[PDB]
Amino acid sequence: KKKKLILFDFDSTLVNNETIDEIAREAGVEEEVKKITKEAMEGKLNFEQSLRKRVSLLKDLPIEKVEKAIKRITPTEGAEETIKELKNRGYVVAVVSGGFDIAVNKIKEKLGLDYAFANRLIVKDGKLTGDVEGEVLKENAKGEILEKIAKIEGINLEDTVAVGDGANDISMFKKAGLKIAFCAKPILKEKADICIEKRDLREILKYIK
């Protein structure tokens, strides 16, 4: 029983939604933020700068509204069944995201994931301050996290799998044993071993040892 590890990106992969675009709707800036999110996922913008820019537009948004947005996030088709089978096949399952703990940790709890890494929205007096902080901002951040988790678990990098859809998943792919682009952007598909174009996470299972 050689241990294995699979890491999932969150927005548009493990869940249907883009967390930040949902929150942007509550702040009345959905269109503006969605445009930046798309450019960042296409690899046209630096991730950290793009995230800080989007989060500044959310300044003063009440936490009550952030929560309403988060309540709308739903797991991607086949997420539960895929996670179950992955655990049956002996995998440690993790979610690594450039999104936010308040949304990611809910799903980590709901789906029973082993690890969850995300950034943090800063709040004061019940409202967003417009700032974000975290360790999933730099270009190489996700790759470093994959290595960190694998090291803790004593899992060889060759026995790791990464599933993602955007440009900030590139460093995660770089360190992964098997790279799966799930209904992904061109910049990521070019770096993938396997490209899945049907939106059902169960489609990755046929490729998993």
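Residue numbers run from 1 along the displayed sequence.
Asker: Could you check the entry and say whether 186-194 or 7-15 has the higher mean CA B-factor?
Answerer: Of 7-15 and 186-194, the stretch with the higher C-alpha B-factor average is 186-194.
Asker: Averaged over C-alpha atoms, is the B-factor higher for 92-100 or for 73-81 in this PDB entry?
Answerer: According to the PDB entry, the answer is 73-81.
Asker: Please pick out which of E64, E48, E39, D159 has the largest Cα B-factor as recorded in the entry.
Answerer: Within the set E64, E48, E39, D159, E64 shows the top C-alpha B-factor.
Asker: Going by the recorded CA B-factors, say which third of the chain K151 sits in, lowest, middle or highest.
Answerer: Ranked within chain, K151 CA B lands in the middle tercile.
Asker: Taking the chain's C-alpha temperature factors as the reference, tell me which third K87 falls into: lowest, middle or highest.
Answerer: Top third by C-alpha B-factor.
Asker: Per the entry's values, where does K53 land by CA temperature factor relative to the rest of its chain, in the lowest, middle or highest third?
Answerer: It falls in the bottom third of the chain.
Asker: Taking only the Cα B-factors deposited for this chain, tell me whether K138 sits in the lowest, middle or highest third.
Answerer: Tercile = middle for this residue's CA B-factor.
Asker: Taking only the Cα B-factors deposited for this chain, tell me whether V33 sits in the lowest, middle or highest third.
Answerer: For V33, the deposited C-alpha B-factor lands in the lowest third.
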